[PDB]
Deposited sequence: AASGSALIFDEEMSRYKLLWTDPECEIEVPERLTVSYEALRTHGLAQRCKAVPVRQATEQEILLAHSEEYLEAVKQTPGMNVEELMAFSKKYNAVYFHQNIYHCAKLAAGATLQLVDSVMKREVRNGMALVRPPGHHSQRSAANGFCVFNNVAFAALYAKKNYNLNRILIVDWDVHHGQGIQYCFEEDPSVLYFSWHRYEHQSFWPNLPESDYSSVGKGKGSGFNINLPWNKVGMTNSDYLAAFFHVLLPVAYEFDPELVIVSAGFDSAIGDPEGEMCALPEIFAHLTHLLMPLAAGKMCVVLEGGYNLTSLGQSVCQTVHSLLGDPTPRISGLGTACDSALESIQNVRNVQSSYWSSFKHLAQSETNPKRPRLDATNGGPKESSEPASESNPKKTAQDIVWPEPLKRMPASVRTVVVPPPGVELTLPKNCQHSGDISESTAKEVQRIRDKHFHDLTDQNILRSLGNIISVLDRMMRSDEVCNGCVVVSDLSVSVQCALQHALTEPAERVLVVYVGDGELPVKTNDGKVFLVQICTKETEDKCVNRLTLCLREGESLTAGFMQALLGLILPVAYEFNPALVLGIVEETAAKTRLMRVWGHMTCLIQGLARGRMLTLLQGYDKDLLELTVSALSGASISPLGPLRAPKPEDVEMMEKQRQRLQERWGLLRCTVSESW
């Protein structure tokens, strides 16, 4: 399939600026582009992306989302002087015009369309368009909120018309409500629009009642418009991740979009004077990462807001880092979302439950160690395997805690991989197929705890007990099994056939596994599979690489060429095949029991406001 990422930017879109004193628009400056691109150049990301040039959007492409009258009015602007431009701007709300802004807006829409074409033609895996002006506020016959034409709506309609796409997800993480996109697709079930935005009970711009959680779409599009209003400032990484886990991601994976477009407005980042939130730029990596399993990785990230130049550059760098497959940074201090965020999440889940049943409630990169004598054609970012010091450690382990040379070799390979992952910055993750799970798991966990790894997240697909202690606060164990277990220790999550199985797992993956894992913040993920996992494991791997900077060691008991290939492909960063577009009632009941059991210790599991004694 496709590889690489597209970076679409041109200095020309920095050649328009506010020409008069306007305190409402003083923030939207050309430097936003400059700084941004220079950030990517300083850290070396811009050089690693395929540079697709910009083009003008044609008149018909513009008429896809706007009316002929408004297009003509804007076409008149390059011929106006300063007084005429100021009058024309006064005709609209929170926007300014400039002799070059029509040109730059055509260039922004055209760069968006170039990104869409690059992604859909399999020329690149994904990409980002550093554009100006933004788009998500502009409407069919109006410029609005620094926006002239709606770039993301253009991209959606263009993909629909030219690629016969049936399902497109739009994610608006700009701090403002992209009401232009909502208006454009409120009756359209083919374009699922999610937006989060500062609202403060309708007191924050654009002060619209239909920006609230009760706007779910009209007519055939009911349930395909999801507004999440922040009614307080200061929202943190925890609020954003809880929004993703308990609102956006389950709906997105049930929806199974054929293309993901992001209104990447970074005014939701800390330091921005307009959004006034407390999210670190690193969160925008994970956001990006959490969406990449969707649509086989086909993601189009388009710039919107973001006005603190420093945090803007940092957040753009984080987004591009994730788009290229670089290891995501560990997020610490995560916990429960604030009460206001929990109220907003609860309200949006309640109102959307009549459309998405998951919301209803009751009243080198990778190293591979195949079996001895087995040789596979591994992807281009992989390698195979032992030192004499490794053998000394193995002999010490054997003489102190445990005759087969193959199992001793497997333990030595485990130790070598762990050393190359933790102590060395050479390898990132690894997969070892092994016999004797007990000895292998014991050696792996104990050696990782001395790597050192302050915390280890073990994920075991199988039954029975494993040689791992969840007593202290250094190990957390997720076990997906077939038998029942009361699950007493607050440091363990037990999860117990049919067609609904896959639909359950993803649910339990998004609503339970990922929140606890993110709050736990492990230094290493240890995967174990003992022998329908083929359907889900891939996603499970990719998403779980959001933890521990991708440092994951998978242990596979028994040779299955399909399972080994899928594990290595997901660990190496290849795109994930979509699952396609309802869990069992007993399954969701058991999931809710687990959540109510664990949410007191792991606050990121909360999706309702806690009741006070």
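A.B. asks: What are the unmodelled segments when the structure is compared with the full deposited sequence, in sequence order?
C.D. replies: Residues lacking C-alpha coordinates: 364-412, 435-436, 454-456, 551-552, 588-592, 643-644.
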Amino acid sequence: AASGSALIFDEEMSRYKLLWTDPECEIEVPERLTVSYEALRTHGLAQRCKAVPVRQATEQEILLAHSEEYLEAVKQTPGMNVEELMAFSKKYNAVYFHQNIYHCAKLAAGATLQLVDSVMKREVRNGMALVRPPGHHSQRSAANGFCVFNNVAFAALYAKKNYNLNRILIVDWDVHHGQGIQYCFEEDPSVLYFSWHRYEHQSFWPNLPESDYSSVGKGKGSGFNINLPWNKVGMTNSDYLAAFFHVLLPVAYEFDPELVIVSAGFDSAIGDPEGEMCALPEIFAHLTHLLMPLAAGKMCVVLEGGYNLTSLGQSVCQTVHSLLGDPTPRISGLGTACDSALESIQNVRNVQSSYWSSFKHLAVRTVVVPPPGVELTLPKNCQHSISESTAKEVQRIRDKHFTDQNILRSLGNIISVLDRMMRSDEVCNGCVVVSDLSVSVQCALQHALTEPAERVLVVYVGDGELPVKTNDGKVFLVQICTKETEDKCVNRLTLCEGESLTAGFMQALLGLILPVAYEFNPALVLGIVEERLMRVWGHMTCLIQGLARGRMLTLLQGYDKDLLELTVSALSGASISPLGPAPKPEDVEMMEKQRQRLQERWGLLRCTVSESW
From here on, numbers count along this sequence of modelled residues.
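Only the largest set of C-alpha atoms that superpose within 1.5 Å between the two forms is called the rigid core.
A.B. asks: Fitting on the core, do the C-alphas of 125-133 or of 403-411 deviate more in 7 other deposited structures of this protein?
C.D. replies: Looking at 403-411 and 125-133 in 7 other deposited structures of this protein, the bigger mover is 403-411.
A.B. asks: Overlaying the structures in 7 other deposited structures of this protein on the rigid core, point out which of 420-428 and 105-113 has the bigger RMS C-alpha shift.
C.D. replies: Of 420-428 and 105-113, the stretch deviating more in 7 other deposited structures of this protein is 420-428.
A.B. asks: So residue 98 is built in this one, but is it left out in a third or more of the other compared PDB entries that include its neighbours?
C.D. replies: Per the records, residue 98 is modelled in all the other entries.
A.B. asks: Is residue 532 missing in a third or more of the other PDB entries that were compared?
C.D. replies: Yes, left without coordinates in at least a third.
A.B. asks: Going by the B-factors listed in the PDB entry, is the mean over the C-alpha atoms higher for 202-210 or for 477-485?
C.D. replies: Comparing 202-210 with 477-485, the higher average CA B-factor belongs to 477-485.
A.B. asks: Pick between 404-412 and 154-162: the one whose mean CA B-factor in the entry is higher.
C.D. replies: For C-alpha atoms only, the mean B-factor is higher in 404-412.
A.B. asks: Looking at the C-alpha B-factor values in the deposited entry, which of 583, 30, 53, 546 comes out highest?
C.D. replies: Of 583, 30, 53, 546, 583 has the highest C-alpha B-factor.
A.B. asks: For the listed residues 399, 258, 174, 187, which one has the largest C-alpha B-factor as given in the deposited model?
C.D. replies: Comparing C-alpha B-factors across 399, 258, 174, 187, the maximum falls on 399.
A.B. asks: Ordered by C-alpha B-factor within the chain, which third holds residue 604? Give me lowest, middle or highest, please.
C.D. replies: Middle third - that is where residue 604 ends up once the chain's C-alpha B-factors are sorted.
A.B. asks: Looking at the temperature factor on the CA atom of residue 333, which third of the chain's modelled residues does it land in?
C.D. replies: Ranked within chain, residue 333 CA B lands in the middle tercile.
A.B. asks: Mind checking which third residue 537 falls in for C-alpha B-factor across the chain?
C.D. replies: For residue 537, whose C-alpha B-factor we compare with every modelled residue in the chain, the answer is the highest third.
A.B. asks: Ranked by Cα temperature factor within the chain, is residue 340 in the lowest third, the middle third or the highest third?
C.D. replies: Lowest third of the chain for residue 340's C-alpha B-factor.
A.B. asks: Going by what the PDB entry lists, where does residue 59 fall on CA B-factor within its chain: lowest, middle or highest third?
C.D. replies: Its C-alpha B-factor belongs to the middle third of this chain's values.
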